[PDB]
Amino acid sequence: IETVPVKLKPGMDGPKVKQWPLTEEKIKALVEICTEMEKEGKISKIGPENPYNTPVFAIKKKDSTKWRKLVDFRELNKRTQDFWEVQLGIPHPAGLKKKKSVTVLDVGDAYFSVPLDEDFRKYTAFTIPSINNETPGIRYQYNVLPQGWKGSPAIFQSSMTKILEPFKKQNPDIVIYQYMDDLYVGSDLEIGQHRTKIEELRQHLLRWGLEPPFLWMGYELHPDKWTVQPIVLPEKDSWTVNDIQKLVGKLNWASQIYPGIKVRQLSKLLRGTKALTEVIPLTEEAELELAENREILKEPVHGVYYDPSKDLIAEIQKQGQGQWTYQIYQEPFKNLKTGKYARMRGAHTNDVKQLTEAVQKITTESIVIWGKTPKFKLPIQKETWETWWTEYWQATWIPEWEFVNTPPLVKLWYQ
Amino acid sequence: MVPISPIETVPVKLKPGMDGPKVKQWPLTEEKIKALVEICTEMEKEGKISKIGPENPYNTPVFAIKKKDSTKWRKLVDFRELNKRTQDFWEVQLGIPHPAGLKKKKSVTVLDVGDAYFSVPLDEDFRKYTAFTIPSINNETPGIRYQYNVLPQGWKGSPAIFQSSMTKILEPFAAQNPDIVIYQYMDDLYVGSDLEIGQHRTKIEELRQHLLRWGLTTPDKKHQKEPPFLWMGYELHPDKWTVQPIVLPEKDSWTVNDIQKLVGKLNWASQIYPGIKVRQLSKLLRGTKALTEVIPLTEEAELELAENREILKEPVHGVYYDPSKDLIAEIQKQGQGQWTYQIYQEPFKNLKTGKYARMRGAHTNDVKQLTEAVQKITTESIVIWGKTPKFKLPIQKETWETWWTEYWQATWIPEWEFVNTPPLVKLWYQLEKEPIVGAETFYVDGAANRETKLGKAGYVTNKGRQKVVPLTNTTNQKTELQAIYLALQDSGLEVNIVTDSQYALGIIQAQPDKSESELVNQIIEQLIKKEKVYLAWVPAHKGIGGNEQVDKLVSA
Ligand SMILES: Cc1cc(/C=C/C#N)cc(C)c1Nc1ccnc(Nc2ccc(C#N)cc2)n1
Ligand SMILES: [Mg+2]
């Protein structure tokens, strides 16, 4: 009912980001959404004395018939003061990643109930463009906490803890974590009981609401069963020269991650100048070294620790046939998580859709495990990514990314 | 009198921590002063400026400029200092419509709104910053001091505030009359419709009535300007559009600056004249920016110019957009990294044309370039029409499938069809995924001394074939490519090559079909002649047989 004062970081102006081209259907959708939001008092038209801008577009979330407005506040979030007036932080719950079921709820509509500090509103300016710029873009700013802004969950937090005080003491074994517009709710119940408690939770916020357009949805994760990818070596009865070269290459790479890896005896099987397809019998110094390397590879990497003050970096490789591998790390060769996907849905002829779904799944895992999003190194040309990713985006947050233009040799080793 | 709605003012601020201008007034001739006093008396009578006392400490210089070939003087207030200190505004013409996205209109009327152009009120709190002084005759009295009450021409905020004010006025008229379009440009309103001219002229009268609600009067004697409109370098007609006439000069000698003017005109022309090329003419501006230097024209640039003259021989027009029909985009390869395209809805009636040039890069191939051209056309089409066109591309469906399935990056192009118009984009080589049985295996290596720049490149094979070549003025990276080249040159149609060069592998895995490096180009030419090539990488200095042997041979 009263506004929390909000400022930008010192020596920092508001965002001035250029609105990217939107399709006709997204424009029409945003015109409808914003006409209603303006009637409901959530946004107001602004004049030319406001020079700021943040891009906007629209998405259709997973399994839906209704457009959702998505504001790309990445720049405003970088420029907004850090929030530890009341809380130095919400220390991330390490139990969330261990629950058998986690449901993700879009609770962003609750934020529209808190007014935004009148002096900060100007910095939330955005524009609905028109096709071919034939009419002036429609300019608005927020009067209430916007979805996607990092200040919104911070300012609403006191509210949110009060709404879920009942549900929490009634269900003390449920982990509830909030990230931006999402609520993550983890239980160890059977999925039918889980679905019930989720709907129980929905009722608390419908009741407090007295309508939220996307609260009824549920994105179900099972982090319980999230798989990793240790380094594994082939088990073969016949080794060609080429097989042993690939093995020595892979072990040389692994020795940067695992100190005690040796290739000397395996290398000695090469020595001659042999045909690549010739079969080489393994000597015993070689078989022993190989067995020793196998056992080293069953242990964890030494000195791997998560530092909350450092960025998480995510790298992705296209493996072919709808398969993608990825690694999350902060220091090179100190992977915090590795993984592999293949079930990229509805995209068997579209690489970029598959990559976009991978980015979203990796970001979701990152949020569950550490409570923040990684910076992506994407195997794609910037112009191709920037043209298409918004067509396949279904998440209400957006991570940061850069582009890999030189092919990594190490793709072979994660295959 | 009839009450008129006031136009709400836009609140305006100086940039943080800045004060208003305090600029000294230049002395003026007795003649100019008398002209400025009369000019300002009229302006004051109309309410555009007001006299102020000596309280106000701000000042902006005023000038009197003679209209060429007349006794009439003109008043110029130089707002350069106030503009540096005034806040930034939202500029709404951060994008002009492209004619190819416009819709055909039966009628377009122009209405003069100059009398609102100079009648939008200035924020009362900001007016003091606009103070200026007419100097007194002989400097024997205080100068006459005025400030602005309305948007001053030449002030940084006037175009944005005028446009936003006119837009707000027009918004309900446009909303309740969706069978017309309205466009504001300088001090004119352009109203188009498909209505029978009777209904059309009714709407125009209704628009004039609507404007009177704010006391904005429009001249009766209908506007001078009629279709065709000269606008932003185009000609707009009711049912077609073109660029304003492009005439390429004849010259015996071309300076840097003429070449820049020529390329600018060609670029402008390329949006409707198909096939325009500028590569060879742009190559002559490489590096140099000595704007009066004369440059000889290569035979290449002479040929490009000749081709362009033929393209520009007779006028070409575009049609307007029909939203009821699909958009089609067709692309052709032109050579030397140059691509050209046409966008149309009916065959032989282009909406617009254009071109795309290869990005500066060490290595490239046609498929990557076609892909980038497609993304650029896609984005331009979203801007202009709000949708992606269907593509007609000179690449077989099997070629694309092979490319995207095996390329190390994610890549995608939207819905498209093969069009069989040479030259076709093809894959010139594809490396094997597995070693080749029965093919000779070449273990290659090179090394160079960084001090002497002397090196060696060579290979050894499983058949005992061997070669080492001594090299001068070379580097480790060049000798590693040279070794791969020697193995390609000396092998049969199928070959296994083993290298430890991460550098060479990075290049070959990028699949270039053309390079700035002539050594890479020679490797590509050898790859094209093979039937099967398997390229295998091993780590250096690990006692890998064959690799260690030729490492010793070449690093000696
Ligand atoms: C951008 C624009 C510039 C001018 C004019 C600027 C001038 N100076 C005039 C108008 C009316 C417009 N706005 C639109 C919007 C949609 N379709 C059209 N079609 C259209 C416009 C002009 C002609 C002409 N004849 C024909 C069709 N114009
Ligand atoms: Mg070597």
# chains A, B, ... in the order shown; residues from 1 in each chain; ligands from 1
call {"tool": "residues_near_ligand", "arguments": {"ligand": "ligand 1", "cutoff": "7 Å", "atoms": "only C-alpha atoms and all ligand atoms", "output": "NGL selection string"}}
result
(:A and (134)) or (:B and (97 or 102-105 or 108 or 181-183 or 185 or 190-192 or 227-231 or 236-239))
call {"tool": "select_by_dssp", "arguments": {"residues": "stretch 112-349 of chain A", "states": "alpha helix (DSSP H)", "output": "PyMOL selection string"}}
result
chain A and resi 151-163+165-170+191-209+241-254+264-267+284-296
call {"tool": "residues_near_ligand", "arguments": {"ligand": "ligand 2", "cutoff": "9 Å", "atoms": "only C-alpha atoms and all ligand atoms", "output": "PDB file with C-alpha atoms, in the first residue's frame"}}
result
ATOM      1  CA  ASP B 445      53.833 -32.468 -39.106  1.00  0.00           C
ATOM      2  CA  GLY B 446      55.516 -29.093 -39.453  1.00  0.00           C
ATOM      3  CA  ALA B 447      57.635 -26.839 -37.280  1.00  0.00           C
ATOM      4  CA  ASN B 476      54.580 -23.053 -36.850  1.00  0.00           C
ATOM      5  CA  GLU B 480      51.254 -27.353 -40.051  1.00  0.00           C
ATOM      6  CA  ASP B 500      48.486 -32.818 -34.079  1.00  0.00           C
ATOM      7  CA  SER B 501      47.655 -29.270 -35.176  1.00  0.00           C
ATOM      8  CA  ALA B 540      51.560 -33.590 -29.806  1.00  0.00           C
ATOM      9  CA  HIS B 541      54.667 -34.822 -27.952  1.00  0.00           C
ATOM     10  CA  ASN B 547      53.511 -38.524 -35.288  1.00  0.00           C
ATOM     11  CA  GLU B 548      56.677 -38.660 -33.173  1.00  0.00           C
ATOM     12  CA  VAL B 550      57.747 -36.872 -38.461  1.00  0.00           C
ATOM     13  CA  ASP B 551      57.927 -34.449 -35.507  1.00  0.00           C
ATOM     14  CA  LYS B 552      61.615 -35.372 -35.247  1.00  0.00           C
ATOM     15  CA  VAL B 554      60.515 -31.601 -39.249  1.00  0.00           C
ATOM     16  CA  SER B 555      61.670 -29.981 -35.978  1.00  0.00           C
TER      17      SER B 555
END
call {"tool": "interface_residues", "arguments": {"of": "chain A", "to": "chain B", "cutoff": "6 Å", "atoms": "only C-alpha atoms", "output": "MDAnalysis selection string"}}
result
chainID A and resid 21 23:24 48:49 51 131:134 249 267 270:275 351:352 379:380
call {"tool": "residues_around", "arguments": {"residues": "residue A:233", "least_positions_apart": "6", "cutoff": "10 Å", "atoms": "only C-alpha atoms", "output": "PyMOL selection string"}}
result
chain A and resi 247+250-251+290-291+293-294+297+413
call {"tool": "atom_distance", "arguments": {"atom1": "atom CA of residue A:52", "atom2": "atom CA of residue A:2"}}
result
24.8 Å
call {"tool": "residues_around", "arguments": {"residues": "residue A:33", "least_positions_apart": "3", "cutoff": "12 Å", "atoms": "only C-alpha atoms", "output": "list in words"}}
result
residues 26, 27, 28, 29, 30, 36, 37, 38, 39, 40, 42, 43, 56, 57, 58, 66, 67, 68, 69, 70, 128 and 213 of chain A
call {"tool": "select_by_dssp", "arguments": {"residues": "stretch 476-547 of chain B", "states": "strand (DSSP E or B)", "output": "list in words"}}
result
residues 494, 495, 496, 497, 498, 499, 514, 515, 532, 533, 534, 535, 536 and 537 of chain B
call {"tool": "write_last_selection", "arguments": {"atoms": "N, CA, C and O atoms", "output": "mmCIF file, in the first residue's frame"}}
result
data_model
loop_
_atom_site.group_PDB
_atom_site.id
_atom_site.type_symbol
_atom_site.label_atom_id
_atom_site.label_comp_id
_atom_site.auth_asym_id
_atom_site.auth_seq_id
_atom_site.Cartn_x
_atom_site.Cartn_y
_atom_site.Cartn_z
ATOM 1 N N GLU B 494 41.558 -41.568 -51.906
ATOM 2 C CA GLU B 494 41.089 -41.784 -50.543
ATOM 3 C C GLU B 494 42.294 -41.700 -49.627
ATOM 4 O O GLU B 494 43.324 -42.303 -49.920
ATOM 5 N N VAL B 495 42.186 -40.965 -48.527
ATOM 6 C CA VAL B 495 43.373 -40.789 -47.683
ATOM 7 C C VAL B 495 42.947 -40.539 -46.240
ATOM 8 O O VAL B 495 41.956 -39.850 -45.979
ATOM 9 N N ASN B 496 43.692 -41.141 -45.315
ATOM 10 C CA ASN B 496 43.622 -40.860 -43.887
ATOM 11 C C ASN B 496 44.787 -39.947 -43.532
ATOM 12 O O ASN B 496 45.936 -40.269 -43.838
ATOM 13 N N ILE B 497 44.506 -38.825 -42.884
ATOM 14 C CA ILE B 497 45.555 -37.886 -42.483
ATOM 15 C C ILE B 497 45.523 -37.724 -40.969
ATOM 16 O O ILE B 497 44.458 -37.490 -40.394
ATOM 17 N N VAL B 498 46.689 -37.856 -40.325
ATOM 18 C CA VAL B 498 46.823 -37.701 -38.876
ATOM 19 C C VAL B 498 47.673 -36.462 -38.604
ATOM 20 O O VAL B 498 48.826 -36.384 -39.048
ATOM 21 N N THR B 499 47.111 -35.498 -37.871
ATOM 22 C CA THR B 499 47.805 -34.258 -37.509
ATOM 23 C C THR B 499 47.701 -34.033 -36.008
ATOM 24 O O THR B 499 46.789 -34.532 -35.350
ATOM 25 N N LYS B 514 36.462 -21.033 -49.143
ATOM 26 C CA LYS B 514 37.293 -19.910 -49.630
ATOM 27 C C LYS B 514 38.005 -19.267 -48.437
ATOM 28 O O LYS B 514 37.407 -19.213 -47.357
ATOM 29 N N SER B 515 39.228 -18.796 -48.646
ATOM 30 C CA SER B 515 40.009 -18.251 -47.555
ATOM 31 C C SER B 515 40.786 -17.040 -48.038
ATOM 32 O O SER B 515 41.082 -16.894 -49.228
ATOM 33 N N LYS B 532 37.505 -39.521 -50.699
ATOM 34 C CA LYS B 532 37.283 -39.696 -49.262
ATOM 35 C C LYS B 532 38.488 -39.159 -48.508
ATOM 36 O O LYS B 532 39.623 -39.494 -48.855
ATOM 37 N N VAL B 533 38.242 -38.339 -47.484
ATOM 38 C CA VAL B 533 39.288 -37.817 -46.605
ATOM 39 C C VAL B 533 38.836 -37.983 -45.163
ATOM 40 O O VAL B 533 37.786 -37.457 -44.772
ATOM 41 N N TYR B 534 39.631 -38.681 -44.370
ATOM 42 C CA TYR B 534 39.433 -38.735 -42.932
ATOM 43 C C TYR B 534 40.570 -37.983 -42.254
ATOM 44 O O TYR B 534 41.743 -38.304 -42.462
ATOM 45 N N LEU B 535 40.229 -36.991 -41.447
ATOM 46 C CA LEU B 535 41.215 -36.164 -40.758
ATOM 47 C C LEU B 535 41.202 -36.518 -39.273
ATOM 48 O O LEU B 535 40.181 -36.368 -38.614
ATOM 49 N N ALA B 536 42.325 -36.992 -38.745
ATOM 50 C CA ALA B 536 42.385 -37.450 -37.365
ATOM 51 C C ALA B 536 43.337 -36.549 -36.596
ATOM 52 O O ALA B 536 44.379 -36.140 -37.117
ATOM 53 N N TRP B 537 42.960 -36.187 -35.381
ATOM 54 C CA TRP B 537 43.814 -35.366 -34.528
ATOM 55 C C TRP B 537 44.394 -36.217 -33.409
ATOM 56 O O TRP B 537 43.701 -37.077 -32.859
#
call {"tool": "residues_around", "arguments": {"residues": "residue B:199", "least_positions_apart": "4", "cutoff": "12 Å", "atoms": "only C-alpha atoms", "output": "PyMOL selection string"}}
result
chain B and resi 106-107+177+179-180+192-195+203-206
call {"tool": "closest_residue", "arguments": {"among": "A:112, A:179, A:219, A:126", "to": "residue A:195", "atoms": "only C-alpha atoms"}}
result
A:219
call {"tool": "residues_around", "arguments": {"residues": "residue A:79", "least_positions_apart": "3", "cutoff": "8 Å", "atoms": "only C-alpha atoms", "output": "PyMOL selection string"}}
result
chain A and resi 8-9+12-15+75-76
call {"tool": "atom_distance", "arguments": {"atom1": "atom CA of residue A:120", "atom2": "atom CA of residue A:149"}}
result
12.0 Å
call {"tool": "residues_around", "arguments": {"residues": "residue A:106", "least_positions_apart": "3", "cutoff": "8 Å", "atoms": "only C-alpha atoms", "output": "number ranges by chain"}}
result
A: 109, 181-183, 214-215, 217
